[PDB]
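Here you get one chain, nothing else, as structure tokens; it is the form deposited in one PDB entry.
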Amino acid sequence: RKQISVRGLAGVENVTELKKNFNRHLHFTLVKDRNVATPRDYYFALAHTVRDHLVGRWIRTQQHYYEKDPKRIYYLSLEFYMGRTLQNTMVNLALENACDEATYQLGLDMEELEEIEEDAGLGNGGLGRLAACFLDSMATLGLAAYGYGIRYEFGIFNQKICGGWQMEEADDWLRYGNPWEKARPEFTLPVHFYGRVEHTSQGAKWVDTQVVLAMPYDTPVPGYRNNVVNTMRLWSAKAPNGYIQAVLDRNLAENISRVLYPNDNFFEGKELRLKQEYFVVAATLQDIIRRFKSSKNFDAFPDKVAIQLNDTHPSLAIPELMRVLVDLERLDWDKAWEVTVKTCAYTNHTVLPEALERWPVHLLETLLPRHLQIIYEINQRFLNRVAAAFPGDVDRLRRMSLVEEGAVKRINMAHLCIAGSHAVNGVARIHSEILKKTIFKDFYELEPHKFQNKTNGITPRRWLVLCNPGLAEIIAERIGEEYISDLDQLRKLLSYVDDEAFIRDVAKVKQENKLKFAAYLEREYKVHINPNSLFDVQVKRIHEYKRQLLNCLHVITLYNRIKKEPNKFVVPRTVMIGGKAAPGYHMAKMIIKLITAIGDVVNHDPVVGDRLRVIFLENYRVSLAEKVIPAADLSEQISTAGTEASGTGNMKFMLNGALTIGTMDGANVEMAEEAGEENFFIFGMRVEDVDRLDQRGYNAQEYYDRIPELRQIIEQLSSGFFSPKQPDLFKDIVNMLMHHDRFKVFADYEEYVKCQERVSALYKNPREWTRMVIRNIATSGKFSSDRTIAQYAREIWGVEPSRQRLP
């Protein structure tokens, strides 16, 4: 526990100080003594104590940026999936062992206290989590970086499983307060909505607007042991400065920051979402302009400011910057545009067309009339450039236009982003290539230099040192601690593929993690899992494209094969699937019910017993990912080739000693390249094969007709085998698979099942399983978000990263 060297030193005076300040906070902050104090009181006492250690560095870091005046990086995102903060802060400040000892001496278990903290679940999945990893890496690389978002009162809903169905409950994460954030009501700024434009003698004027105030809350972002503490600034909506009804109606403006939209696909043009997006953009850009003016005329703006757009969600930053520069700063259009493009860069996070933001022009006209005017002018000038570059190419003009012309006229926000950014990047090599080749081919041909790749990454602090200290320790024992912020050093572990001690230790750590996770499920849910089974894990948001359904088909295959040949040995498995479904995505909710329904049959068949178990992991979130990923043996990354832009869960599993079964999709391709394909369980159609199927038409019936085992499963689903009380329950799933499957589940069924057999074959050989694991861990280095951020810095932002310590 405390013997772990990567967790730092428990200095005698440090431990003494920590205990004293713990007791001080219990007394003065929590207003309790030890007679009435609860575990929650103790968590908060520790949280305040740890937070105090950030303050000096936080003040000094921000003063340093004022003095040194580096180029500032502004990372704009509607989501920051931060998770818990206590352990991360202790890790980054080298205080973990000291706090562990301090709390131990006070008679407390720090790990029990850690479990009290709510996730800051201010994101849906990978995109939100990427922002969080990025904040961490930017601080570790000494960048003058600022995360800007919205402080949702309610993050992603807490998922309850009831009768085998998902139920949503409000994520009241601020119930007991947030000890990390600092409210800054003094720095509140006005955001404007609705109104109209007056074009006068001075120029355009946005008048008769309704005001919503944006109150910032600043959260410290510690770099890894470099004394850097950057800031995440999140804006909270506040009403501006019968009688009773009027006071109650303040809620309407304040609803802007009430809740995170829980849909992570199928764009719905909700006005409240558009208000949220402008809210972040308007308040953030005021901060940016203010800081620019208080630094040392707008010619130098792009030299001192970078705005990174996390998806198209903050794309309004482009017309907002133009609005400020033209209408308020009185710059000519051309200069303002030069500045805007050099300031802004855009990161694209998916190719699925239903995820794209296309706002009706009527909505923009009503809510943001000046922005619509500016967008139209941007479009006219941009299309003039297209017309000059490709004379007579009229369809190209139609395809490239920011304006989409259908029954409802809409603004394509991706097109706006490309036009208004000096850099556009995809999030894995395959994804960035498809952007240039198909999705934004017209844009690539116009401005090829704009288009970049920045393969995603994950922070090895949260995703190794925090969640898997046992693995972090056995690595450090061989190669020292430098890898923690220089993950490419993991390649040194290839020297240990034949090392008996290391092979033993890798396997020991995995078993320890599996025991711990089993203990978690027993403690929290009274669910018993076989610790001597292969932990087969698919955790990620529930999506047709991610193909949890393909996993389901395999699980039933395993079950049916057992029933056909009960005497035949099979490698025992615990198949775990978890993830949230978007509230209004019928198929996703049906998929969750199918997983639980499969479990209802499999988990109670006496012929099967502990040889096969199927469990749905409830409420998958960052804190749960930190528990389950280090316990995983097999990582399910089985999206239809061409659909997962990158993935990041894939990287977490690789770093944590799981082997991967996956398609050649997103960053899976680069992961297999790094490790060697011989060390990955790659199966299924490549993008080229998917396209060939699309060319001739996907007929699911053909696979049904040719595969007896698939036929059996579909008939079980149709006849009510997995829902005897409601035989037609899964008719919609069957219908979709048979007739309306965009993601070709049946087409990868045979290769998936065969590939899974090879997984089982290798697991039967513990030594060779572990050796292949070593080959994976050792080559996961590329997938550090430090590498990713270093690339953003050098290739887009024009800043040089530095691991150099502050005093």
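The term rigid core refers to the most C-alpha atoms you can superpose between the two forms while keeping them within 1.5 Å. Residues that one form lacks are left out of the comparison. Position 1 is the first residue in the sequence shown; the rest follow in order.
There is also a form deposited in another entry; it is not shown, and the following applies to it.
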Has the Cα of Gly8 moved 2 Å or more between this form and the one not shown, judged after a core fit? yes
A change of 3 Å or more separates this form from the other: in that other deposited form, the C-alpha atoms of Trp58 and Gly11 are closer
One pair moves by 3 angstroms or more in that other deposited form: the C-alpha atoms of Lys20 and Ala10, which are closer
Fitted on the core, where are the consecutive stretches (at least 3 residues) whose C-alpha atoms all shift 2 Å or more between this form and the one not shown? 1 to 13
